[PDB]
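Peer 1: A structural model of the following input is requested.
(4 chains, ligands or ions: 4)
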Amino acid sequence: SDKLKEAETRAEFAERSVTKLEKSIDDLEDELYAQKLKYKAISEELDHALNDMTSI
Amino acid sequence: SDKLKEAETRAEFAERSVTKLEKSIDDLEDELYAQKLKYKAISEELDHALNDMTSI
Amino acid sequence: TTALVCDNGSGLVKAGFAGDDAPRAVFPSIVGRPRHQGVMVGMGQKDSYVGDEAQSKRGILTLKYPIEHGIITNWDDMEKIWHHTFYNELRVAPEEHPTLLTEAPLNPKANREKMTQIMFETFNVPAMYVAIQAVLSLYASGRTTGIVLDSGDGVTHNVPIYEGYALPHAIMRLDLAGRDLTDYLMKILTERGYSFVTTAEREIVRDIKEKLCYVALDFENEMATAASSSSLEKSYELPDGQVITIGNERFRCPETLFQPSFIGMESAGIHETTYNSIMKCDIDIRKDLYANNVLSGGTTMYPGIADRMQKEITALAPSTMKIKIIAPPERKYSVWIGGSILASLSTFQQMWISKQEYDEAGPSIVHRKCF
Amino acid sequence: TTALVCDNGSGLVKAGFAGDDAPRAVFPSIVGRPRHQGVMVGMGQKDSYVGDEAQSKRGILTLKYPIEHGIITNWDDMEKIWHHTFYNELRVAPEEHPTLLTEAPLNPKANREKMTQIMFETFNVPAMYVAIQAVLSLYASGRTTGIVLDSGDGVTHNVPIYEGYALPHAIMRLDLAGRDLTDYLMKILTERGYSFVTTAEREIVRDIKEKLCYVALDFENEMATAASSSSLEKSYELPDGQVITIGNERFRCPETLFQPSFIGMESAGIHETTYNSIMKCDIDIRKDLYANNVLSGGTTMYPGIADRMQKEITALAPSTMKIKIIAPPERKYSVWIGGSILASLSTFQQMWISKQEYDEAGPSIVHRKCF
Ligand SMILES: Nc1ncnc2c1ncn2[C@@H]1O[C@H](COP(=O)(O)OP(=O)(O)O)[C@@H](O)[C@H]1O
Ligand SMILES: Nc1ncnc2c1ncn2[C@@H]1O[C@H](COP(=O)(O)OP(=O)(O)O)[C@@H](O)[C@H]1O
Ligand SMILES: [Mg+2]
Ligand SMILES: [Mg+2]
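Peer 2: Residues are numbered from 1 along each chain as shown, chains lettered A, B, ... in the order given. Ligands and ions are numbered 1, 2, ... in the order given. Dropping the coordinates below:
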């Protein structure tokens, strides 16, 4: 009985940890996507600048 | 005894899964660090071009 | 010879020879005189059962801890505990072994001086050294920086360290610890009908706290959930039957750590005294302390505390810094493992307070260079 | 063999072998003893971190520059800095290499004599020569005339030269430089709420000054614009988060150069001491000095200074003369590049102060023919 209780508690702890880790990794992926979006926006602005500089 | 074996197996799988998730989040955090370095460098280069052009 | 790494603590005395992985003998630090009369003759009844023997005869004893909050309030009982630890749990005479006690930060001087005087006069050790309980817990993690929150059973203290240079002006010692959580749990259990009063039943409430309580990730949501469903009610069998069912007392007992207003204490929780301890440090080592927050001590073993604390600090701290909370699985014995590592070092071998030095300067030697 | 072109400076020590384009090792000249106690044993903690190592552990050090204003105020620390420069940043023993130090104009004699005595007795170099920091900056520009304004970090001096003949009566040395601008910026940042006090946070204020401040073309118009719009407010992230926003402190910090009344100094700005230095020269070489005004030194790297200075001098000077300001992109290392060029010359190879000469006349040899 003692061993079973220990195992059950371990399982609950690990499950909660996996839930937190999944949420955190999803949030960090969202942040990376946002920063990539900003980089792409300024890169397209610079590409337009280069297109005009082709006439420069 | 049978129930203890089952619970121990599921807890061990949960531990392995959380280890895999922690490694994955480490990888993605490192990738975000690299992209943050990229944005830092590109903004620094843009500022350098700005100061060179304003200062001839 | 080998050194004895004793660690008085408050609630569990942990001892063992230097250079191992785990303490050799771990037993509660309680000394309980019998309280009833006693009619059987020749039963061999002693006058005081100490250590783990008094956790089996606790039905007819009055257990009383000799260490209240880090400080020692009853020197005779503490001497008895030390004598038991040396002679019966380790069976090594102290005349041939150096000792390395541990002491909480910001404790009264007289306590430390009396400790060294006892160790040198009564037990007559060759040399003893007193170390702060947080530096050892930092040793055990294998780090050299970081801010360690050592929430023991007597007192919770938070010592920040950088590059090996401790910051004496940033130590935040708070007297809420496991014992107050036991008393608060014993006080809120009365809301269902279970009354524990005797000093022996405090041990039963402690067992309930250890086996059932957990720290909620978000307090209000848990309070709302436990008040609607019944998926939280876990039952527990007393030492005589009559199982009890703990409802939302499960996460309300350890919540006192983050809201010390529950037991009437004014100060802020362990989630905000760490941030305050960091902010007192210099502006250039705050990132490293943020990234290397260390947990230790017994009371930090609640299931789900390493996530609640990280969430709270991330809420308080600036959004750019990375907050990481080191929670090794061997949290309970972290201080003693660090003590073993420190005693096993060659560079440390000349820092002991040798007996001839004590004979020349008296017990006040401990405050001197040999710290 | 090759010569060592060291350049003590005040704020950044720049060194490297003669004949290259850029100094091999550039690192701040600060020596910082630890100030806290230190609890980890065997961590290998040294007693003084010098150079670029103390810019990474600056959170627990007390950095102190060994050179205040050109002159050297703490000879032991300067000796330590030189020893580090020779042995760890270049890894060449000084017993087999001539050295070419640099010194500001109008400095105390004892400083120069002690410098040569150290170089000949402690490090035991074969031969060393001391050169004025402005002639080298004129070498690097490839000119042979011109008036050079070498606004370093310690002291700003303005040496006019014509056809290779220096004019000793027209050197105007002013003690406002980058360090005073750092202190003034640290003093005006307090008007928004940001308080930097520790000697470690002076480095953070220096970084703010380097990355954000710029010299305004017209001061009153900028003061009026920054007080109405908000197009100037640039933000900056401290070493721990909590971004700060610098408003009209951006162009008010380096404006002190042209109005030294801001920090209470009486003298006139760098825009008017150049004109005064020119007017002390003879009437027939003023056109050439007007046309070949040279900028050097670190502090002349502010974005937009080569236009403000030209506008000011054109306002002061007669309307017919052409005012041209030479501002090479390699301004910071201009003195060291010139030093390398001078040390690489064949005609210069017999001007070194050979050791036997020092043995015969003592340290006072430097003031003699071997200047
Ligand atoms: N597994 C656990 N879960 C929750 N609380 C625990 C656990 N183990 C110990 N504790 C609490 O920690 C206390 C022991 O702390 P400990 O680290 O031994 O204190 P000390 O610093 O005096 O050695 C006990 O009183 C108990 O209340
Ligand atoms: N890019 C920059 N923009 C503005 N100021 C700078 C810049 N680089 C350096 N400085 C200032 O110049 C100083 C360095 O001057 P430096 O030429 O190294 O002095 P020295 O003559 O002693 O070598 C620094 O203290 C800094 O305040
Ligand atoms: Mg402890
Ligand atoms: Mg210079």
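
Peer 1: Skipping adjacent residues, who's closest to residue C:232 in space?
Peer 2: Excluding the flanking residues, the one nearest residue C:232 by Cβ to Cβ, 6 or more residues apart in numbering or on different chains is residue C:226, at 4.9 Å. Any C-beta I mention is one placed from the backbone N, CA and C, and that applies to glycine too.

Peer 1: Check the gap between the one you found and chain B for me.
Peer 2: Using Cβ to the nearest Cβ, to the nearest Å, residue C:226 is found at 24 Å from chain B.

Peer 1: so what's residue C:183 up against?
Peer 2: By Cβ atoms under 8 Å, 6 or more residues apart in numbering or on different chains, residue C:183 lies in contact with C:202, C:263.

Peer 1: what comes up buried for the helix or strand hosting it?
Peer 2: According to DSSP states H and E, residue C:183 maps onto helix C:178-188. Of the residues in helix C:178-188, C:178, C:179, C:180, C:181, C:182, C:184, C:185, C:186, C:188 count as buried by neighbour count, 16 or more other Cβ atoms under 10 Å in any protein chain shown.

Peer 1: could you redo those residues as a markdown table and give each row distance to chain A?
Peer 2: Formatted as a markdown table, the buried residues of helix C:178-188 follow (distance: Cβ to the nearest Cβ, whole Å):
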| residue | distance to chain A |
| --- | --- |
| C:178 | 19 |
| C:179 | 23 |
| C:180 | 24 |
| C:181 | 19 |
| C:182 | 20 |
| C:184 | 22 |
| C:185 | 18 |
| C:186 | 22 |
| C:188 | 22 |
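
Peer 1: Quick check, the residue in chain A closest to ligand 1?
Peer 2: Residue of chain A nearest ligand 1, by Cβ to the nearest ligand atom: residue A:9 (9.5 Å).

Peer 1: Identify the residue nearest that residue in space, chain neighbours excluded?
Peer 2: Of all residues not flanking residue A:9 in the chain, residue C:303 sits nearest, at 6.9 Å (Cβ to Cβ, 6+ apart).

Peer 1: how close does the one you found sit to residue A:10?
Peer 2: 9 Å (Cβ to Cβ, to the nearest Å).

Peer 1: Equivalent analysis for residue C:28, please.
Peer 2: Counting by Cβ to Cβ - residue C:28 and residue A:10 are separated by 25 Å.

Peer 1: quick one on the thing from earlier: is any residue of the helix holding residue C:183 near ligand 1?
Peer 2: Yes: applying Cβ under 6 Å from any ligand atom, one finds that helix C:178-188 is in contact with ligand 1 at C:178, C:182.

Peer 1: Does at least one residue of that helix sit close to ligand 3?
Peer 2: No: Helix C:178-188 lies out of reach of ligand 3 by Cβ under 5 Å from the ion, never closer than 10.0 Å.

Peer 1: what sits against residue C:147?
Peer 2: C:158, C:159, C:160, C:161, C:274, C:277, C:278, C:289, C:292, C:293, C:294.

Peer 1: With neighbour count, distance to residue C:230 and secondary structure added, can I get those residues in TSV?
Peer 2: Formatted as TSV, the contacts of residue C:147 follow (neighbours: other Cβ atoms under 10 Å in any protein chain shown; distance: Cβ to Cβ, whole Å; DSSP: H, G, I helix; E, B strand; the rest coil):
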residue	neighbour count	distance to residue C:230	secondary structure
C:158	23	38	strand
C:159	28	43	strand
C:160	29	43	strand
C:161	27	46	strand
C:274	27	35	helix
C:277	20	40	helix
C:278	23	41	helix
C:289	26	43	helix
C:292	21	41	coil
C:293	23	36	strand
C:294	27	38	strand
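
Peer 1: Many thanks, we can stop here.
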